Structures are given as structure tokens and as C-alpha cells.
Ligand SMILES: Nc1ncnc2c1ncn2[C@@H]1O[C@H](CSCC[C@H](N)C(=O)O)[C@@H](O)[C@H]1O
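Below sits a lone chain in C-alpha cells, taken as the form deposited without S-adenosyl-L-homocysteine.
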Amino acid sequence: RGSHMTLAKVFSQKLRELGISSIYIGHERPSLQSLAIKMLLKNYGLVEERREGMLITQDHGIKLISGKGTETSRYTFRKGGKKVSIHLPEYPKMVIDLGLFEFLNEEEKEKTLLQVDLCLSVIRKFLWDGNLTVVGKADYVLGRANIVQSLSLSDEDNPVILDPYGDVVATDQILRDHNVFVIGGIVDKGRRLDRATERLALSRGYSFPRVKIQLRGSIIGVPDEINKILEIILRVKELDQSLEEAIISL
């Protein structure tokens, strides 16, 4: 876990408001982001009760404890507990652009749908469903991700397009400095067409930067799976991982 995960931050803010400094987490993963996910999706919450345990981790100043030891909590995280409201983060936004879907051959379509589904598991590792948007087909359904036919673009979105054949090379800071990431499909020998976003751009005269991810100066060792690209971006932004190490780990 990173020290400053977006979802951990908003959860901890709420817990602090409530004067909660410790939580008995049991068998859960020792990360406020992991707890948030279970609270948002799986019917977990807090139960008021006195426990002791050992300090496992301290995340945004909230002690997460488990087992036995010298620490105390007054709230235990578990199934059927009460939820607390948190301000779910708008950013960052991960956008899968499936405008091109009907131009893909059958192998490409099949890979793509599998990769998209895998993205739901990835997003849940770092953020939550609501930070994932699939665009290009209004019918599909993928957990609680945002599903739209066309791209809706706010004043504050600062998008970059992930493109093996882009002219900008991705750096750590390019990624941290942007808040919306567009990944389209591979259309024959590599280029990644983001069609529904191209449509928006042409229609309003915008131009978004096109960013190629390289390892050691080459687009060689780099995954081209949408779900793997997504995880790289999120390693860097939410875990404060090096781009180099993020790529390695995948």
C-alpha cells in the first residue's frame, strides 16, 4: 500500500470526523482502501465494541489492529456492521474507449471483453468501480463502473491518451500530473484507437496528448493488455511506484 491512497484519504477523513483512531480489522487486508471496498460493495461496516489487538499498520493516522496485543479499538470492522458515508473521489478517471469495438476482428473483440472485465478487478485493488468508465456501448454492464455511449468531459478533466504510437513518452510526472486516462483498443499491428474520444475531440476542436509507455527507451517489454496498462497507471499514481517498477511488476 501507498501512504496516501486516494480512497484511504477520504475514508480516514470521515473516521477522524467521528473521533475514530483505531479499528479492529480481523482477517481483512490492512489497508483503509481494502476496508472501504468491502464497506462499499460487500455489506461490511463498523461495530462498536472494545477489543485489544496488535498494531498491524497505521494508515492516514488510523491504527488497524488485529489478533492480540497492547492496543485497544472501540470499533470493529466486519460483516453486517454499519456503513459510514465517505466522499467518493472523482479523480482519477480511467476510461476504456470501446468506440472502435465493431471494427475489431473476433479474436480482438474477445480479448478486449476479457481485458475489460479484468479492469474491474484492477480498479477495485486501487480505487473503486466509480473511477472506471467504459465508453462506446451503452448496453454493457460491469459492476458499478460508469457505462456511457459517448464521452462526457468536464471543465476539470485533464486527459491523456495511452497510445503505443503516441509522440510523448510517459514519465512518472506526466502521469501524476494528469487526472483522466484514456485507453482504447488495438486496431491492427498496434495502434490503439480511442474512437469515441476522437469523435469528441474533432467535434469541439480539442487535442489531447498521446503518451507511449516505454521500458528502457523501448516500447518492448511493456504489456499491451488494457487491464495491465491500467494497473501500471494506478501503481504509479496511488502506490507512488516508479513507472519502471510498475512496468516490471506486471
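What we label the rigid core is the largest C-alpha set whose atoms superpose within 1.5 Å from one form to the other. All residue numbers are counted from 1 along the displayed sequence.
Omitted here: the form deposited with S-adenosyl-L-homocysteine bound. The next part is about that form.
Three or more atoms of S-adenosyl-L-homocysteine lie within 2.4 Å of backbone or C-beta atoms here once its pose in the deposited complex is superimposed on the site C-alphas of this chain, so the site counts as blocked. Only one of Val135, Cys119, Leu162, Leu127 lies close to S-adenosyl-L-homocysteine in the deposited complex, with a heavy atom inside 4.5 Å, and it is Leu162. Between S-adenosyl-L-homocysteine and the residues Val211, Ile56, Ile62, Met39, the one pair within 4.5 Å by heavy atoms in the deposited complex involves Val211.
Although the partner is absent here, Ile23 sits far enough away that none of its heavy atoms falls within 4.5 Å of S-adenosyl-L-homocysteine in the deposited complex.
Mapping the unseen interface onto this chain, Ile229 counts among the residues with a heavy atom inside 4.5 Å of S-adenosyl-L-homocysteine in the deposited complex. In the deposited complex, S-adenosyl-L-homocysteine stays beyond 4.5 Å of every heavy atom belonging to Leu46.
The closest heavy atom approach of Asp224 to S-adenosyl-L-homocysteine in the deposited complex falls within 4.5 Å. The candidate stretches are 69-77, 164-172, 102-110, 144-152, and the one lying within 4.5 Å of S-adenosyl-L-homocysteine in the deposited complex by heavy atoms is 164-172.
In a core superposition between the shown form and the other one, the Cα of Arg78 is the only one among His178, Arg78, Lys93, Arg124 shifting by 2 Å or more.
Once the cores line up, the CA of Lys42 ends up 2 angstroms or more apart between the shown form and the other one. The rigid-core alignment places the CA of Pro30 2 Å or more apart between the shown form and the other one. When the rigid core is held fixed, the Cα atom of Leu215 travels less than 2 angstroms between the shown form and the other one.
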